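Participant: Experimental structure and its sequence below.
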Amino acid sequence: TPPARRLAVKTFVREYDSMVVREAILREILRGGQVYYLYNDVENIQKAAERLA
DNA sequence: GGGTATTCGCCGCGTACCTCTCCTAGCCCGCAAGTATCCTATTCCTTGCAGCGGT
C-alpha cells in the first residue's frame, strides 16, 4: 500500500551503453538527486569509478 | 556351329532325452551433483616512526 507518494519505480532493461549511463546520470543530477551505481566487484571498482568520472 | 570337357555353384548328410549359459554398441541428453568469485561477521599476527623518561 502507500506511503502516499510512492511512484511506480520505472524499470529499463537495456544492453550496456555509455550514452545511456551518461543520460541517466545527467538527468538525475539536473534534478538534484543522487545516483546509485552498483558495480559489485571490489577488485575493479576503483577502475570503474575512475572511468565513470 | 558343335560336340566335347572342364569348372562352378547348389544341395544333401539319424532319433529321443537330460544339464548348463546367454540374447548389441555406442551416443546423447538431461538429471543432478559437485565446484570458482563477492560482501559482512569472525581469529591470525608482524612493522615504522615519534614520544619520552631519565640521566
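Facilitator: Alright, I've got the coordinates. Numbering: from 1, shown residues only, chains lettered A, B, ... in the order given.

Participant: How about stretch A:39-49 and DNA strand B, touching?
Facilitator: Yes. Using C-beta under 7 Å from any atom of the strand, a contact is recorded between stretch A:39-49 and DNA strand B, made by A:39, A:40, A:41, A:42, A:43, A:45. The way it works is simple: take the backbone N, C-alpha and C, and place the C-beta from them, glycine included.

Participant: The third one: neighbouring residues, count only.
Facilitator: Number of residues near residue A:41 (other C-beta atoms under 10 Å) recorded here: 9.

Participant: With the fourth one instead?
Facilitator: Residue A:42 is flanked by 7 other residues according to other C-beta under 10 Å.

Participant: could you check the distance from it over to residue A:16?
Facilitator: 20 Å (C-beta to C-beta, to the nearest Å).

Participant: For the residue in chain A positioned nearest to DNA strand B, give me its contacts.
Facilitator: Across chain A, no residue is closer to DNA strand B than residue A:42, which sits at 3.7 Å (C-beta to the nearest atom of the strand). Applying C-beta atoms under 8 Å, 6 or more residues apart in numbering to residue A:42 gives no contacts.

Participant: now swap in the one 3 residues further on and tell me
Facilitator: Residues counted as contacts of residue A:45 (C-beta under 8 Å, 6+ apart) are residue A:39.
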